[PDB]
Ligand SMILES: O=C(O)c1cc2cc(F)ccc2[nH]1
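Heads up, the chain below is alone and in the form solved without the ligand; it's given as structure tokens.
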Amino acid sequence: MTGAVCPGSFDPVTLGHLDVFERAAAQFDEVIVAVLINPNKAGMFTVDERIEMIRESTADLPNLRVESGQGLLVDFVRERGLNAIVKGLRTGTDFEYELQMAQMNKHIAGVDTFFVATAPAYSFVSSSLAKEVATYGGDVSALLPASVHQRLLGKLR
């Protein structure tokens, strides 16, 4: 009955994201990971690749599923009969930006947002920084699931 949407680009999914997924799935009856796409800017990975990487690393979470979308997140949420967004926060700076979006989403659609604090070990990891470091040859193998690291290296080469 209870449920939440976990949104992001997940380009690619990181161990920080996976931590958030696991914590949401432990506390909500169903969790939907929403891979949100900008049809006007390609990321590193295609939608199909992003979904595949997420599924391969969440096979142990039976109440989680993965879907893509675009446009307003609150539309994606409400069309599935849900009313909650769950997101990870790493810093007070993340909080101020996400706070704005959360209040806008509540204002326009009545959708609530719940934040969860990053695990300390992943506080510095982001998809963007992992891609940048890997582009220049840095070792990011401990920051990404097995479903991701070698696919990332493949894209870079």
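Note that residue numbering begins at 1 and tracks the sequence as displayed.
If you look for the form solved in complex with the ligand, you will not find it shown, but the lines that follow are about it.
With the ligand left out of view, choose which of 63, 68, 46, 27 has a non-hydrogen atom within 4.5 angstroms of it in the deposited bound form.
Result of the distance check: 68.
Indicate whether the ligand has at least one heavy atom within 4.5 Å of a heavy atom of residue 82 in the deposited bound form.
No, residue 82 sits far enough from the ligand in the deposited bound form that none of its heavy atoms falls within 4.5 Å.
Taking the ligand as it sits in the deposited bound form, is residue 109 in contact with it (heavy atom to heavy atom, 4.5 Å or less)?
Because no heavy atom of residue 109 falls inside 4.5 Å of the ligand in the deposited bound form, the answer is no.
Is residue 51 close enough to touch the ligand in the deposited bound form, meaning at least one heavy atom pair within 4.5 Å?
No.
Residue 7, heavy atom within 4.5 angstroms of the ligand in the deposited bound form:
Contact with the ligand, yes.
Even though the chain is shown alone, can you say which residues of 25-39 have a heavy atom within 4.5 Å of the ligand in the deposited bound form?
Counting only heavy atoms within 4.5 Å of the ligand in the deposited bound form, the contacting residues of 25-39 are 34, 35, 36.
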